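Asks: Following this line is my_file_13.txt, made up of compact mmCIF, C-alpha atoms and all ligand atoms:
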```txt
# COMPACT_ATOMS: atom_id res chain seq x y z
CA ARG A 1 152.64 123.04 60.01
CA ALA A 2 149.28 121.31 59.31
CA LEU A 3 146.44 122.83 61.37
CA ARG A 4 144.98 120.21 63.77
CA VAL A 5 141.33 120.48 64.84
CA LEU A 6 139.55 118.25 67.34
CA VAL A 7 135.85 118.10 66.84
CA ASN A 8 133.73 116.76 69.66
CA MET A 9 130.97 114.23 68.91
CA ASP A 10 127.98 114.54 71.24
CA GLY A 11 126.44 117.98 71.10
CA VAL A 12 128.54 118.95 68.10
CA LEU A 13 128.25 116.23 65.46
CA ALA A 14 125.56 114.04 67.00
CA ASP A 15 122.30 115.37 68.41
CA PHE A 16 122.58 113.95 71.91
CA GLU A 17 120.10 116.42 73.48
CA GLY A 18 117.27 115.82 71.01
CA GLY A 19 117.81 112.08 70.88
CA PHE A 20 117.90 111.78 74.66
CA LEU A 21 114.70 113.90 75.11
CA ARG A 22 112.80 111.89 72.54
CA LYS A 23 113.78 108.56 74.03
CA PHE A 24 113.24 109.73 77.58
CA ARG A 25 109.67 110.88 76.79
CA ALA A 26 108.76 107.69 74.91
CA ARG A 27 110.12 105.44 77.65
CA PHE A 28 108.84 107.48 80.62
CA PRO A 29 105.68 109.24 79.33
CA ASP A 30 104.45 109.94 82.92
CA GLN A 31 107.56 111.67 84.19
CA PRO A 32 108.28 115.36 83.87
CA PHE A 33 111.11 116.34 81.51
CA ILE A 34 113.31 119.30 80.54
CA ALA A 35 112.40 120.97 77.28
CA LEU A 36 115.55 121.78 75.23
CA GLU A 37 114.99 125.55 75.62
CA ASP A 38 115.04 124.96 79.38
CA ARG A 39 118.26 122.92 79.44
CA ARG A 40 121.07 124.46 81.55
CA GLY A 41 124.49 123.00 82.36
CA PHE A 42 126.39 120.20 80.57
CA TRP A 43 125.12 117.48 82.93
CA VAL A 44 121.67 116.38 81.79
CA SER A 45 121.47 113.87 84.64
CA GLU A 46 122.05 116.55 87.32
CA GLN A 47 119.22 118.78 85.99
CA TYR A 48 116.80 115.86 85.79
CA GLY A 49 117.91 114.89 89.33
CA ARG A 50 117.07 118.38 90.69
CA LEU A 51 113.70 118.13 88.96
CA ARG A 52 112.52 115.08 90.95
CA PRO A 53 114.27 112.16 92.78
CA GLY A 54 114.98 108.96 90.87
CA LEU A 55 115.14 110.99 87.62
CA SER A 56 118.98 111.09 87.40
CA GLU A 57 118.95 107.31 87.25
CA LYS A 58 116.09 107.19 84.70
CA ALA A 59 118.00 109.73 82.48
CA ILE A 60 121.14 107.60 82.68
CA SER A 61 119.23 104.48 81.66
CA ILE A 62 118.41 106.15 78.34
CA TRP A 63 122.00 106.60 77.17
CA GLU A 64 123.07 103.28 78.72
CA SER A 65 120.57 101.48 76.46
CA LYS A 66 121.56 99.72 73.29
CA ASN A 67 121.26 101.82 70.12
CA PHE A 68 121.11 105.11 71.89
CA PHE A 69 124.40 106.42 70.43
CA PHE A 70 124.00 104.65 67.14
CA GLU A 71 120.60 106.18 66.40
CA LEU A 72 121.54 109.78 67.18
CA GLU A 73 120.81 112.10 64.24
CA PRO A 74 123.58 114.35 62.94
CA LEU A 75 123.23 118.03 63.86
CA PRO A 76 122.37 120.29 60.83
CA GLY A 77 125.41 120.96 58.66
CA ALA A 78 127.76 118.85 60.83
CA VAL A 79 128.63 116.04 58.44
CA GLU A 80 128.96 118.41 55.45
CA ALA A 81 131.19 120.79 57.43
CA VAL A 82 133.52 118.16 58.85
CA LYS A 83 133.92 116.51 55.47
CA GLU A 84 134.84 119.88 53.94
CA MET A 85 137.09 120.69 56.84
CA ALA A 86 139.08 117.42 56.56
CA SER A 87 139.48 117.87 52.75
CA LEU A 88 141.13 121.28 53.26
CA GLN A 89 144.83 121.52 52.58
CA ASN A 90 147.06 121.55 55.63
CA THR A 91 144.17 120.56 57.90
CA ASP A 92 143.88 117.39 59.99
CA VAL A 93 140.58 116.71 61.74
CA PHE A 94 140.13 114.28 64.62
CA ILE A 95 136.84 113.40 66.24
CA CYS A 96 137.39 113.52 70.03
CA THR A 97 134.72 111.97 72.20
CA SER A 98 134.32 110.82 75.80
CA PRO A 99 132.52 107.55 76.29
CA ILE A 100 130.13 106.96 79.25
CA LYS A 101 131.13 104.75 82.16
CA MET A 102 129.12 101.79 80.95
CA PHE A 103 131.08 100.55 77.98
CA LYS A 104 129.03 97.68 76.51
CA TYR A 105 127.55 99.61 73.56
CA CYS A 106 128.85 103.19 73.54
CA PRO A 107 132.41 102.78 72.07
CA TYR A 108 131.17 100.34 69.45
CA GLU A 109 128.18 102.51 68.43
CA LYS A 110 130.35 105.61 68.21
CA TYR A 111 132.68 103.87 65.75
CA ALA A 112 129.63 102.59 63.83
CA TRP A 113 128.09 106.07 63.71
CA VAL A 114 131.32 107.58 62.35
CA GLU A 115 131.52 104.81 59.72
CA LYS A 116 127.90 105.45 58.67
CA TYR A 117 128.27 109.24 58.22
CA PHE A 118 131.95 109.68 57.26
CA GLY A 119 132.98 106.36 55.81
CA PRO A 120 135.41 103.62 56.84
CA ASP A 121 138.50 105.76 56.18
CA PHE A 122 137.42 108.30 58.81
CA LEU A 123 137.63 105.71 61.61
CA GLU A 124 141.40 106.37 61.84
CA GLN A 125 140.51 109.92 62.99
CA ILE A 126 138.64 108.89 66.17
CA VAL A 127 140.12 109.57 69.63
CA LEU A 128 138.16 108.14 72.58
CA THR A 129 139.20 109.64 75.85
CA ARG A 130 137.75 110.94 79.07
CA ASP A 131 140.56 113.56 79.21
CA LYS A 132 140.73 115.92 76.29
CA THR A 133 143.48 118.07 77.77
CA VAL A 134 146.03 115.34 76.92
CA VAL A 135 145.13 115.48 73.24
CA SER A 136 147.22 118.17 71.44
CA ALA A 137 145.84 120.29 68.67
CA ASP A 138 145.36 123.92 67.62
CA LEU A 139 141.62 123.89 68.15
CA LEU A 140 138.98 121.95 70.13
CA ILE A 141 135.32 122.52 69.08
CA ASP A 142 133.23 121.28 71.95
CA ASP A 143 129.89 122.21 73.58
CA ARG A 144 131.12 121.55 77.14
CA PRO A 145 132.19 124.85 78.81
CA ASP A 146 134.56 123.36 81.41
CA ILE A 147 137.19 121.14 79.78
CA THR A 148 139.74 120.03 82.34
CA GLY A 149 141.99 117.11 83.16
CA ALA A 150 145.61 116.15 83.71
CA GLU A 151 147.18 118.82 81.50
CA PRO A 152 146.80 122.29 83.13
CA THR A 153 147.90 124.04 79.92
CA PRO A 154 146.24 122.32 76.88
CA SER A 155 147.76 123.20 73.53
CA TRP A 156 144.35 123.78 71.86
CA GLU A 157 142.13 126.84 71.93
CA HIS A 158 138.65 125.68 73.10
CA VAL A 159 135.92 127.11 70.84
CA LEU A 160 132.55 126.67 72.51
CA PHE A 161 130.00 125.05 70.19
CA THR A 162 126.57 126.42 71.01
CA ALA A 163 124.03 124.06 72.54
CA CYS A 164 120.76 124.55 74.46
CA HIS A 165 122.55 123.96 77.75
CA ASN A 166 125.19 126.64 77.18
CA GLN A 167 123.47 129.19 74.91
CA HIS A 168 122.89 131.60 77.80
CA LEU A 169 126.37 131.40 79.20
CA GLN A 170 128.56 134.42 79.36
CA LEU A 171 132.15 133.27 78.71
CA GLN A 172 135.23 135.02 80.07
CA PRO A 173 136.17 137.40 77.23
CA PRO A 174 139.13 135.73 75.35
CA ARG A 175 136.86 132.65 74.90
CA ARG A 176 135.02 132.28 71.60
CA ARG A 177 131.97 130.40 70.15
CA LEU A 178 131.02 128.57 67.05
CA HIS A 179 127.35 129.15 66.99
CA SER A 180 126.32 126.26 64.68
CA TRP A 181 127.79 124.60 61.62
CA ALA A 182 126.10 127.37 59.51
CA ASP A 183 128.37 129.83 61.33
CA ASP A 184 131.75 130.63 59.79
CA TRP A 185 134.00 127.83 61.01
CA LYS A 186 136.45 128.47 58.18
CA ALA A 187 137.24 131.94 59.64
CA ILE A 188 137.94 130.44 63.03
CA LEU A 189 140.34 127.91 61.52
CA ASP A 190 142.07 130.58 59.40
CA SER A 191 142.61 132.75 62.47
CA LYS A 192 144.94 130.01 63.87
CA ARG A 193 147.01 129.52 60.69
CA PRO A 194 150.34 131.42 60.28
CA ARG B 1 154.39 119.50 86.94
CA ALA B 2 152.94 115.95 87.26
CA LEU B 3 154.87 113.43 85.13
CA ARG B 4 152.58 111.94 82.43
CA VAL B 5 153.26 108.42 81.13
CA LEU B 6 151.39 106.65 78.34
CA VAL B 7 151.56 102.92 78.56
CA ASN B 8 150.63 100.92 75.50
CA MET B 9 148.32 97.90 75.85
CA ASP B 10 149.07 95.14 73.34
CA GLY B 11 152.62 93.90 73.65
CA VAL B 12 153.18 95.84 76.85
CA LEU B 13 150.32 95.11 79.25
CA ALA B 14 148.51 92.36 77.34
CA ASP B 15 150.23 89.34 75.82
CA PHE B 16 149.05 89.78 72.25
CA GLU B 17 151.84 87.66 70.70
CA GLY B 18 151.33 84.60 72.90
CA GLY B 19 147.56 84.79 72.78
CA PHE B 20 147.53 85.16 69.01
CA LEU B 21 149.96 82.20 68.49
CA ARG B 22 147.96 79.94 70.76
CA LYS B 23 144.67 80.73 69.09
CA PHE B 24 146.14 80.57 65.61
CA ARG B 25 147.56 77.06 66.23
CA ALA B 26 144.34 75.73 67.78
CA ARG B 27 142.18 77.10 64.98
CA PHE B 28 144.54 76.25 62.10
CA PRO B 29 146.49 73.17 63.29
CA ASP B 30 147.55 72.29 59.69
CA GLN B 31 149.07 75.62 58.78
CA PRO B 32 152.64 76.63 59.44
CA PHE B 33 153.18 79.35 62.07
CA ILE B 34 155.84 81.72 63.42
CA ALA B 35 157.36 80.71 66.73
CA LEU B 36 157.72 83.75 69.05
CA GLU B 37 161.54 83.55 68.92
CA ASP B 38 161.22 83.85 65.14
CA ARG B 39 158.90 86.87 65.15
CA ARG B 40 160.32 89.96 63.38
CA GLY B 41 158.60 93.30 62.70
CA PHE B 42 155.51 94.79 64.40
CA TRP B 43 153.10 93.47 61.75
CA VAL B 44 152.25 89.86 62.55
CA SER B 45 149.98 89.67 59.50
CA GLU B 46 152.77 90.68 57.08
CA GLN B 47 155.16 87.97 58.38
CA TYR B 48 152.48 85.30 58.18
CA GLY B 49 151.67 86.59 54.66
CA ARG B 50 155.31 86.17 53.52
CA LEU B 51 155.25 82.67 54.99
CA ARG B 52 152.47 81.38 52.68
CA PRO B 53 149.54 83.00 50.75
CA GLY B 54 146.16 83.27 52.46
CA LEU B 55 147.93 83.36 55.86
CA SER B 56 147.65 87.16 56.36
CA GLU B 57 143.89 86.79 56.21
CA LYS B 58 143.85 83.74 58.53
CA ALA B 59 146.04 85.69 61.08
CA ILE B 60 143.64 88.63 60.93
CA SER B 61 140.65 86.38 61.57
CA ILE B 62 142.15 85.45 64.95
CA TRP B 63 142.17 88.96 66.40
CA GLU B 64 138.89 89.86 64.67
CA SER B 65 137.17 87.04 66.60
CA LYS B 66 135.11 87.62 69.68
CA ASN B 67 136.99 87.25 72.98
CA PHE B 68 140.40 87.54 71.47
CA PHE B 69 141.29 90.80 73.25
CA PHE B 70 139.34 89.99 76.36
CA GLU B 71 141.12 86.69 76.97
CA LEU B 72 144.67 88.01 76.55
CA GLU B 73 146.82 87.25 79.60
CA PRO B 74 148.71 90.10 81.27
CA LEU B 75 152.46 90.15 80.62
CA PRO B 76 154.57 89.26 83.75
CA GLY B 77 154.79 92.17 86.18
CA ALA B 78 152.63 94.48 84.02
CA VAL B 79 149.58 94.91 86.24
CA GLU B 80 151.70 95.22 89.42
CA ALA B 81 154.00 97.79 87.80
CA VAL B 82 151.26 99.99 86.35
CA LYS B 83 149.35 99.97 89.60
CA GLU B 84 152.49 101.07 91.46
CA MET B 85 153.30 103.60 88.80
CA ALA B 86 149.84 105.26 88.96
CA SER B 87 149.98 105.40 92.81
CA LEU B 88 153.25 107.38 92.70
CA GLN B 89 153.09 111.02 93.65
CA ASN B 90 153.13 113.48 90.78
CA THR B 91 152.58 110.70 88.24
CA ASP B 92 149.61 110.30 85.89
CA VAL B 93 149.36 107.10 83.87
CA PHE B 94 147.20 106.66 80.78
CA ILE B 95 146.75 103.45 78.86
CA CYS B 96 147.09 104.30 75.14
CA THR B 97 145.96 101.68 72.67
CA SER B 98 145.12 101.46 68.97
CA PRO B 99 142.07 99.42 68.10
CA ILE B 100 141.92 97.23 64.94
CA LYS B 101 139.83 98.26 61.94
CA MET B 102 137.00 95.90 62.77
CA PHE B 103 135.38 97.51 65.76
CA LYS B 104 132.61 95.11 66.85
CA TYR B 105 134.45 93.58 69.84
CA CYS B 106 137.88 95.18 70.23
CA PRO B 107 137.05 98.56 71.91
CA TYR B 108 134.55 96.92 74.24
CA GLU B 109 136.91 94.06 75.21
CA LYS B 110 139.77 96.47 75.83
CA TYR B 111 137.65 98.43 78.30
CA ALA B 112 136.52 95.14 79.90
CA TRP B 113 140.12 93.91 80.18
CA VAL B 114 141.22 97.15 81.87
CA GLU B 115 138.26 96.90 84.29
CA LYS B 116 139.16 93.27 85.12
CA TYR B 117 142.86 93.94 85.89
CA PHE B 118 142.88 97.55 87.15
CA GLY B 119 139.38 98.17 88.41
CA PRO B 120 136.50 100.42 87.34
CA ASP B 121 138.29 103.63 88.39
CA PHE B 122 141.10 102.99 85.89
CA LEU B 123 138.71 103.19 82.91
CA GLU B 124 139.03 107.01 83.01
CA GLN B 125 142.73 106.52 82.08
CA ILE B 126 142.10 104.83 78.70
CA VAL B 127 142.89 106.63 75.42
CA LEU B 128 141.86 104.79 72.24
CA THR B 129 143.48 106.21 69.18
CA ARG B 130 145.14 105.13 65.97
CA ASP B 131 147.49 108.16 66.24
CA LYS B 132 149.61 108.31 69.34
CA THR B 133 151.59 111.36 68.24
CA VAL B 134 148.59 113.58 69.05
CA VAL B 135 148.54 112.41 72.65
CA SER B 136 150.89 114.58 74.80
CA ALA B 137 152.93 113.18 77.63
CA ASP B 138 156.50 112.94 78.93
CA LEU B 139 156.86 109.26 78.12
CA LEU B 140 155.32 106.63 75.82
CA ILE B 141 156.16 102.96 76.65
CA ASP B 142 155.32 101.00 73.54
CA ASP B 143 156.68 97.90 71.76
CA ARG B 144 156.16 99.33 68.26
CA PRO B 145 159.46 100.82 66.92
CA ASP B 146 157.95 103.25 64.40
CA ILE B 147 155.37 105.54 66.03
CA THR B 148 154.22 108.17 63.58
CA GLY B 149 151.16 110.21 62.70
CA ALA B 150 149.91 113.77 62.33
CA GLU B 151 152.26 115.39 64.85
CA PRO B 152 155.85 115.45 63.48
CA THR B 153 157.26 116.44 66.88
CA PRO B 154 155.49 114.40 69.66
CA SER B 155 155.98 115.73 73.16
CA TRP B 156 156.76 112.26 74.63
CA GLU B 157 160.01 110.33 74.63
CA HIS B 158 159.27 106.86 73.13
CA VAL B 159 160.79 104.10 75.29
CA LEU B 160 160.78 100.85 73.36
CA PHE B 161 159.25 97.99 75.36
CA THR B 162 160.98 94.76 74.40
CA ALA B 163 159.00 92.16 72.52
CA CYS B 164 159.92 89.11 70.42
CA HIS B 165 159.40 91.09 67.22
CA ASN B 166 161.78 93.90 68.19
CA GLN B 167 164.30 92.24 70.53
CA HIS B 168 166.97 92.11 67.80
CA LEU B 169 166.54 95.65 66.64
CA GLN B 170 169.35 98.11 66.87
CA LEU B 171 167.82 101.52 67.68
CA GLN B 172 169.36 104.84 66.69
CA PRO B 173 171.43 105.76 69.77
CA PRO B 174 169.36 108.40 71.71
CA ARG B 175 166.48 105.84 71.76
CA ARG B 176 166.05 103.72 74.89
CA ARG B 177 164.37 100.42 75.96
CA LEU B 178 162.42 99.06 78.83
CA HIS B 179 163.34 95.46 78.67
CA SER B 180 160.40 94.01 80.67
CA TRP B 181 158.40 95.08 83.68
CA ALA B 182 161.15 93.48 85.88
CA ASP B 183 163.51 96.10 84.43
CA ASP B 184 163.88 99.41 86.26
CA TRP B 185 160.98 101.48 84.99
CA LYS B 186 161.18 103.76 88.03
CA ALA B 187 164.66 104.96 86.91
CA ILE B 188 163.35 105.79 83.46
CA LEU B 189 160.50 107.83 84.95
CA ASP B 190 162.84 109.62 87.38
CA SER B 191 165.16 110.58 84.54
CA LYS B 192 162.32 112.77 83.10
CA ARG B 193 161.41 114.53 86.37
CA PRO B 194 162.96 117.97 87.17
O1 LIG A 201 124.73 114.10 82.17
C1 LIG A 201 125.50 113.63 81.33
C2 LIG A 201 125.69 114.18 80.05
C3 LIG A 201 126.59 113.57 79.17
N1 LIG A 201 127.25 112.42 79.57
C4 LIG A 201 128.21 111.73 78.70
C5 LIG A 201 127.58 111.18 77.42
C6 LIG A 201 128.76 111.09 76.49
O2 LIG A 201 129.37 109.81 76.50
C7 LIG A 201 129.70 112.16 77.04
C8 LIG A 201 129.73 113.31 76.06
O3 LIG A 201 130.13 112.76 74.83
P1 LIG A 201 130.97 113.72 73.85
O4 LIG A 201 130.31 115.13 73.84
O5 LIG A 201 132.32 113.87 74.43
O6 LIG A 201 131.00 113.02 72.48
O7 LIG A 201 129.22 112.62 78.30
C9 LIG A 201 127.06 111.90 80.85
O8 LIG A 201 127.64 110.88 81.23
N2 LIG A 201 126.20 112.51 81.71
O1 LIG A 202 149.73 92.73 62.21
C1 LIG A 202 149.12 93.39 63.06
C2 LIG A 202 149.57 93.52 64.39
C3 LIG A 202 148.81 94.29 65.28
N1 LIG A 202 147.63 94.88 64.84
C4 LIG A 202 146.80 95.71 65.73
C5 LIG A 202 146.22 94.93 66.91
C6 LIG A 202 145.95 96.03 67.91
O2 LIG A 202 144.63 96.52 67.85
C7 LIG A 202 146.97 97.10 67.51
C8 LIG A 202 148.03 97.15 68.58
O3 LIG A 202 147.36 97.40 69.79
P1 LIG A 202 148.17 98.24 70.90
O4 LIG A 202 149.62 97.71 70.98
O5 LIG A 202 148.23 99.64 70.43
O6 LIG A 202 147.38 98.10 72.21
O7 LIG A 202 147.56 96.76 66.26
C9 LIG A 202 147.23 94.75 63.52
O8 LIG A 202 146.19 95.26 63.10
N2 LIG A 202 147.98 94.01 62.64
MG MG A 203 129.94 117.21 73.62
MG MG A 204 151.72 97.51 71.33
```
Any chance you could give the structure as structure tokens?
Replies:
Amino acid sequence: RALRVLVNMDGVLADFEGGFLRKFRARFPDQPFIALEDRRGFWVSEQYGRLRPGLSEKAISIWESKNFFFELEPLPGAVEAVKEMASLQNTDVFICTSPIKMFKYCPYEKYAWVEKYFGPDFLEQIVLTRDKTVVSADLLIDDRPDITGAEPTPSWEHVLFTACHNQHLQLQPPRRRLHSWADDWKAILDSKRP
Amino acid sequence: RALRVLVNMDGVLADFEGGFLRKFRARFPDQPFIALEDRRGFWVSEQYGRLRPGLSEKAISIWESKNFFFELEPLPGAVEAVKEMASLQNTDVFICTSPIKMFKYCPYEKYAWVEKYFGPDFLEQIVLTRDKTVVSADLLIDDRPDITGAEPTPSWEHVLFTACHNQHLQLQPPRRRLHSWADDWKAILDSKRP
């Protein structure tokens, strides 16, 4: 009866792309890089890898570093929208995020980031998982085009959140986008209510 | 088509009760304590609290301390059973665990513990969430009797894993127990396959 919405973290709430590019450039000022307008495909590391050998590993070292996740800036309108969304009647919001393989900092910083922007009480709403298909909900708002895993028939509708890496992508028709948090997320939610 | 089983961590894989009692006694040798045979109810902190004021907060300080989760011993047969379970055909196993409120160490140590006992490749199978009802599966093996949250009708069958705190509990009849990892967990799984 309550509408359940999973909101992804990196690329939706937290500006992973901008934070990564900034830190990459500062740390490796003599390497080439991918401007955000030139990003294509979810996997940053694979595009940097195709650009020049050794660059996959240098890219990875940015988000494996301490404070990378913690210091990400919120995307415009994200914190305001999620706060409003969670306060709506008959609406439960979970933040659903996949940690990286190297686990020293990332889980911790993700909890700390959520505490900073949404408050201690919002920590109960965090789901950390590498497989989103085993989390049930009516909606998943996520910038990754291909969301797969152990459940072949997820209960959520995936709404693609626009990002640099996917903005050019033609989706197969039933699939739908939320173009930014300025876009009308309330209408998308309402379309799934009885 | 693949059977999906969520296996809880504390009280099922990791010996939370024994580790907590040991550390509590060493740190607070002049306080009274609850012998494992005398444990009742999921909430350790509430029983210690009823035993004498200030004791809830002393209990909590044990599992909020660094290395508490990391240094938990596996329960007998747990690692062997889960490894066998995951290797079975048409069987996907996720470890589903709820972190404490204080997030400095617990998420990290839980990943580290899983790496230590199950290997790096098993990290992909971890789901950290305070709400298990929004994780979909055929089975949830968990020592907590009352598993509630945002989804009023979870897709899993909850099988109660026996622990000191619940061993005396009469369950409402349809509900079922796995008495230890020496008990016949394969028969429980098979009962849910077509
Ligand atoms: O090339 C990449 C791009 C992203 N990520 C990771 C970083 C995050 O931990 C996760 C995405 O986080 P969420 O969008 O699920 O919050 O993917 C990688 O490992 N490699
Ligand atoms: O009185 C208690 C007993 C347990 N826990 C926490 C410790 C664990 O983080 C969680 C149980 O962990 P899992 O069984 O879900 O792994 O509950 C408490 O906060 N208070
Ligand atoms: Mg994302
Ligand atoms: Mg437990």
Asks: Considering all atoms listed in the file, extract the chain B residues located within 7 Å of chain A and return them as an NGL selection string.
Replies: :B and (103-104 or 107-108 or 111 or 124 or 126-130 or 134-136)
Asks: Taking the point (147.6, 89.4, 78.0) as given in the file, collect each protein or nucleic acid residue that comes within 6 Å of it, counting all atoms listed in the file, and present the set as a list in words.
Replies: residues 14, 15, 16, 72, 73, 74 and 75 of chain B
Asks: Counting all atoms listed in the file, which residues of chain B sit at most 7 Å from some atom of ligand LIG 202 (chain A), and what is each one's closest atom pair with its distance in Å to one decimal, listed by chain and rising residue number, as a tab-separated table?
Replies:
```
residue	atom	partner	partner_atom	distance
B:8	CA	A:LIG202	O6	5.4
B:9	CA	A:LIG202	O6	3.8
B:10	CA	A:LIG202	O4	3.5
B:11	CA	A:LIG202	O4	5.5
B:42	CA	A:LIG202	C2	6.1
B:43	CA	A:LIG202	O1	3.5
B:44	CA	A:LIG202	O1	3.8
B:45	CA	A:LIG202	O1	4.1
B:46	CA	A:LIG202	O1	6.3
B:96	CA	A:LIG202	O5	6.7
B:97	CA	A:LIG202	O5	3.8
B:98	CA	A:LIG202	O5	3.9
B:99	CA	A:LIG202	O2	3.9
B:100	CA	A:LIG202	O2	4.0
```
Asks: For a test of reading the model, state the distance in Å between CA of residue 12 (chain A) and CA of residue 184 (chain A), rounded to one decimal.
Replies: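 Calculated distance between CA of residue 12 (chain A) and CA of residue 184 (chain A) is 14.7 Å.
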Asks: Quick one: what's the axis-aligned box for ligand LIG 201 (chain A), all listed atoms, 8 Å on every side, centre and edges in Å to one decimal, as JSON?
Replies:
```
{"center_x": 128.5, "center_y": 112.5, "center_z": 77.3, "size_x": 23.6, "size_y": 21.3, "size_z": 25.7}
```
Asks: Can you pull out every residue within 7 Å of residue 77 (chain A), counting only C-alpha atoms, but drop anything in the same chain fewer than 2 positions away, and send it as a PyMOL selection string?
Replies: chain A and resi 75+79-81+181-182
Asks: Would you pick out the contacts of residue 24 (chain A) at 9 Å or less, using only C-alpha atoms, so that residues sharing its chain but fewer than 4 positions from it are not included, and give the list as a PyMOL selection string?
Replies: chain A and resi 19-20+28-29+31+33+58-59+61-62
Asks: Would you kindly return, as a PyMOL selection string, each protein, DNA or RNA residue with an atom no farther than 9 Å from any atom of residue 82 (chain B), considering all atoms listed in the file and excluding same-chain residues fewer than 4 positions away?
Replies: chain B and resi 7+13+77-78+86-87+93+118
Asks: Expressed in Å to a single decimal, how great is the separation between CA of residue 175 (chain B) and CA of residue 194 (chain B)?
Replies: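 Interatomic distance, CA of residue 175 (chain B) to CA of residue 194 (chain B): 19.9 Å.
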Asks: Rounded to one decimal place, report the atom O6 of ligand LIG 201 (chain A)-CA of residue 69 (chain A) distance in Å.
Replies: 9.6 Å
Asks: Measuring between all atoms listed in the file, which one of B:191, B:167, B:162, B:180 shows the shortest distance to ligand MG 204 (chain A)?
Replies: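 Closest residue, counting all atoms listed in the file: B:162.
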Asks: Closest to residue 40 (chain B) among B:164, B:85, B:95, B:187, using only C-alpha atoms?
Replies: B:164
Asks: When you count all atoms listed in the file, which of these residues is closest to ligand LIG 201 (chain A): A:90, A:37, A:66, A:142?
Replies: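 The answer is A:142, which sits nearest to ligand LIG 201 (chain A).
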Asks: Within 10 Å of residue 35 (chain A), counting all atoms listed in the file, which residues show up once you throw out same-chain ones fewer than 6 positions away? Write them as a short mmCIF file (atom, residue, chain, number, x, y, z; two decimals) with C-alpha atoms, keeping the file's coordinate frame, please.
Replies:
```cif
data_model
loop_
_atom_site.label_atom_id
_atom_site.label_comp_id
_atom_site.auth_asym_id
_atom_site.auth_seq_id
_atom_site.Cartn_x
_atom_site.Cartn_y
_atom_site.Cartn_z
CA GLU A 17 120.10 116.42 73.48
CA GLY A 18 117.27 115.82 71.01
CA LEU A 21 114.70 113.90 75.11
CA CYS A 164 120.76 124.55 74.46
#
```
Asks: Show which residues sit within 12 Å of residue 47 (chain A), as number ranges by chain. Count only C-alpha atoms, and ignore same-chain residues fewer than 6 positions away.
Replies: A: 32-36, 38-41, 53-57, 59-60, 165
Asks: Which of these, B:52, B:23, B:144, B:83, has the shortest distance to ligand MG 204 (chain A) once you count all atoms listed in the file?
Replies: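 Smallest separation from ligand MG 204 (chain A) among the options: B:144.
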